[PDB]
Amino acid sequence: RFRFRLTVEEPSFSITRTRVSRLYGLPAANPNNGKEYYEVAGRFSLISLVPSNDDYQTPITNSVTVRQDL
Amino acid sequence: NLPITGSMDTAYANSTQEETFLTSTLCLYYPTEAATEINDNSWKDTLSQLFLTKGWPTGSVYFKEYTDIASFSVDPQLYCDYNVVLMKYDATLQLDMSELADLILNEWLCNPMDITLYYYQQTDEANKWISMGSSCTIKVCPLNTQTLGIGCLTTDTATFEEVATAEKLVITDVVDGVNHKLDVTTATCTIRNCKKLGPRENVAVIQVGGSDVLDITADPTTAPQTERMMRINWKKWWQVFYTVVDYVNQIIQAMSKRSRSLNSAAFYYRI
Amino acid sequence: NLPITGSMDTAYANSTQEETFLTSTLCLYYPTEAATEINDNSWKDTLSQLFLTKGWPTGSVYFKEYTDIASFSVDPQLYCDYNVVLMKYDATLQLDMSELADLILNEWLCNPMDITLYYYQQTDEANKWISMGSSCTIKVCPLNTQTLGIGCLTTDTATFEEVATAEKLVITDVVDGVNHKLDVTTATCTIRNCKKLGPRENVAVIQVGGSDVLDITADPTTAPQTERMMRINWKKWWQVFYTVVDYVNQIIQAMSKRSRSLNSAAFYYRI
Amino acid sequence: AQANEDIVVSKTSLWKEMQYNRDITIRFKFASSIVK
Ligand SMILES: *[C@@H]1O[C@H](CO)[C@@H](O)[C@H](O)[C@H]1NC(C)=O
Ligand SMILES: *[C@@H]1O[C@H](CO)[C@@H](O)[C@H](O)[C@H]1NC(C)=O
Ligand SMILES: [Ca+2]
Ligand SMILES: [Ca+2]
Ligand SMILES: [Ca+2]
Ligand SMILES: [Ca+2]
Ligand SMILES: [Ca+2]
Ligand SMILES: [Ca+2]
Ligand SMILES: [Ca+2]
Ligand SMILES: [Ca+2]
């Protein structure tokens, strides 16, 4: 889990033909701006306690049937 | 290599200068501005005849031209049994010329550095990173035990520590025993991990003008001027070549045969 | 050249093949059609890697290409310590093959000839006239003891006797002790008076396809076929190169170091 | 050292400690919920 703090940049979100403008932040309307993804390069170093044999496998896939009441 | 036992009473042999001149080749490296100022298409032949007056057989003296120090520093290829490099002095290139000397006045055992896959460190004082190309911009990011970076982020090349920019040759010396992430323009640069084995005896560098600024050793406490680092004041290139020709015996005396067994791929001009 | 005294009980040294490969180099000469049929942009690299499997360090084996026998015959320069020339067999170019083999398998001591000014004669059987260039056309007019042509007119060059026409390399062997007037196209080919000193032990010629037709001696009574003149059958060039690589040990065994001291400074590779 | 090493810092009969150092290209995306 990589955590990011935020600093608003020069572009300002505003609803055209409306009385809301010069407002800083990033709305949830179209955050992606049509981009297929936001790419950031990272590097991580960690120490993990793992079984000695490199043949064991933790379950990865799932079969989820939660929120039956929902 | 075997022990050599010699008696201090042994008689001196006759001068071997004539024999070595007869059985060896001399390479002279000069800047193109020398040819420009001389302005003669037969000056090679004239210098060859003068060297013949000095003793060298016709055709044993090879004249090689380089545009400038920066261009010459891109993988210099020294061919003859004896190499003399007439290096013009520039106050703005004191390091660069020094670097060039450090590359041609010493023997280097070099291996490739594929920095994209490995993080490299310098094990001892002899180890350096020699980068050569058209444009060598080398940024360094020292790493820690977790290989993450000190004062630098491995991912962000902007935060890296700048050690070279737009260089044709650069010798990089970082702190030993520390792994560094390296960012170099591999398209226009090749970086090699090199160990200096010792002096290269068959290469002499004559600095044309200026003062003593050469430092072929990274150690700040030593700036040794070997006999192969000459320096002559000048105003005309014809005088420079005349003094090179006249004192050729002195120049060769300061030089010795290479004596190293190589494994690389370079042509040579030999008799 | 001092006498060497040896005992018939001295213990054999170990094989020098490994150190010889590590300290020598191999130049392989092939025709253009070889690379044309191979049709690969890195066959040199894979051949070098195969040679490394055979022992030779990387960058030691050199690959030189020539258009054909005739073009290669014009002043061939052999660089490496060991040279192997793959010569394709053409039934119509037997004498040209023999002349190339004679030139590169033997050591020659040559001097210039001024055919315009002085008459020339061949002292002994080891003396020949080697003419090479873009096009060599040599006509000969033998003279008598009164320097008058025999069956030819000194003034009229049409009466001369034609011994070469449009050749790129030709070895002329005329009757010894007779002075000849030579008409040579000096504007397109140079003729040199040469003496055969001995064999060139660092040059092997592999005749690709054909039969044994090489004759490196002007004597009609000798067709030596020395151990440095190999012959192989072929259909594909890749098989030829694989045979050369696999048996490079035998090929080098058939060759010895040049051992001749040269008074001319030329370009070579030497590791 | 390498950009993608797999180092060992301890090992036992059934368990071990693996030090993984890796470069990654985190490609993420936003999801917007619209209720009208
Ligand atoms: C050395 O020089 C001396 C004095 O000229 C001369 O007599 C001698 O022959 C030369 N050669 C040798 C091998 O001593
Ligand atoms: C030579 O070969 C022998 C036997 O294979 C081996 O013991 C020895 O170390 C080799 N080298 C020398 C210098 O004898
Ligand atoms: Ca520099
Ligand atoms: Ca920084
Ligand atoms: Ca260092
Ligand atoms: Ca220093
Ligand atoms: Ca011919
Ligand atoms: Ca006639
Ligand atoms: Ca003859
Ligand atoms: Ca014969």
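Atom set for the values below is all heavy atoms of this structure, side chains included, hydrogens, waters and symmetry mates excluded. Each chain gets a letter, A, B and so on, in the order the sequences are listed, and its residues count up from 1.
For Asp124(B), the CG atom sits in a packed shell: over 12 heavy atoms of surrounding residues, nucleotides or ligands are nearer than 6.0 Å. Other residues, nucleotides and ligands contribute only 12 or fewer heavy atoms inside 6.0 Å of the CD atom of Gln239(B). Within a 6.0 Å sphere centred on CD of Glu18(C), other residues, nucleotides and ligands contribute 12 heavy atoms or fewer. Other residues, nucleotides and ligands place no more than 12 heavy atoms under 6.0 Å from the OH atom of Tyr247(C). Shown here is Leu117(C), whose CG atom has more than 12 heavy atoms of other residues, nucleotides or ligands within 6.0 Å. Other residues, nucleotides and ligands contribute over 12 non-hydrogen atoms within 6.0 Å of the CD atom of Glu227(C). For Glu65(C), the CD atom sits in a packed shell: over 12 heavy atoms of surrounding residues, nucleotides or ligands are nearer than 6.0 Å. Summarising the local packing, NZ of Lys64(B) is surrounded by 12 or fewer heavy atoms from other residues, nucleotides or ligands at distances under 6.0 Å.
Scanning residues 103-113 of chain B against chain C with a 4.5 Å non-hydrogen threshold yields no residues. Below 4.5 Å, heavy atoms of chain B meet heavy atoms from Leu262(C), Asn263(C), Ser264(C), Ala265(C), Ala266(C), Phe267(C), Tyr268(C), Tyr269(C), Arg270(C), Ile271(C), all part of residues 258-271 of chain C. Scanning residues 51-59 of chain C against chain B with a 4.5 Å heavy-atom cutoff picks out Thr58(C), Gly59(C), ordered by number.
Every residue meeting the salt bridge (charged side-chain N to carboxylate O under 4.0 Å, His left out) condition with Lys128(C), not counting sequence neighbours, appears here in chain and number order: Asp173(C).
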